Amino acid sequence: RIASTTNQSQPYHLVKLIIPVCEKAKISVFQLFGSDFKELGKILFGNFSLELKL
DNA sequence: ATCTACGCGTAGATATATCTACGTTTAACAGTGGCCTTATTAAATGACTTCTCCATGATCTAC
């Protein structure tokens, strides 16, 4: 939330923020930076067993 | 390799930034009826101290 409230052009701390975030999301860094928004959303919804569909 | 200067990493101190949100029921009522025990009985039996312990003087009798 802080990273999304601060200026978006500001870089994010890799090991401090992104790697733990994708870790808790059960998502590889490759999947996060490579897949499009549709695939990422579908995989996130399946990972947390949500019923959403983007 | 060594002396000297300087730019940087870093730790400490400090000001800042954090979007929704609002409106959160207005109305009218908060039982109207009637009763609030009718009968009957208000004990029937028998017992209501049980006992001593008397006071005083005439008389008998022993020393």
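Residues numbered from 1 in each chain as written, not as in the entry; some residues may be left out. Chains lettered and ligands numbered in written order. Part of a larger assembly, values for the part shown. Heavy atoms only, no water.

The deposited coordinates derive from cryo-EM, with the record listing a resolution of 3.19 Å.

A.B. asks: Go over the overall build of chain A, please, and point to the residues and values.
C.D. replies: Counting secondary structure elements, chain A contains four helices and zero strands. Counting from the amino terminus, helix and strand elements in chain A follow one another as α-α-α-α. Structurally, chain A occupies a C-alpha span of about 30 × 20 × 20 Å along its principal axes. Burial analysis of chain A (54 residues in total) assigns 13% to the buried set. With an accessible surface of roughly 4,900 Å², chain A has 64% of that area assigned to carbon and sulfur atoms. (Helix = DSSP H or I, 4+ residues; strand = E, 2+ residues; numbered from the N terminus. Buried < 20%, exposed > 50% of the residue type's maximum accessible area, 1.4 Å probe, protein only. Areas by Shrake-Rupley, 256 points an atom, 1.4 Å probe, with all protein chains shown as cover.)

A.B. asks: Outline a nonpolar patch on the surface, listing residues and values.
C.D. replies: A surface patch of nonpolar side chains, about 470 Å² in accessible area, is lined by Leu 14, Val 15, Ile 19, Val 29 and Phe 33. Listed by contribution, the elements that provide at least two residues to the nonpolar patch are α2 (14-24) and α3 (29-34). The leading source of residues in the nonpolar patch is α2, at three residues. Mapped onto the elements of the fold, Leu 14 is located in helix α2. (Patch = residues over 30% accessible without salt bridge, like charges linked within 9 Å, V, L, I, M, F, W, Y side chains within 5 Å. Salt bridge = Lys/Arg side-chain N within 4 Å of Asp/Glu carboxyl O.)

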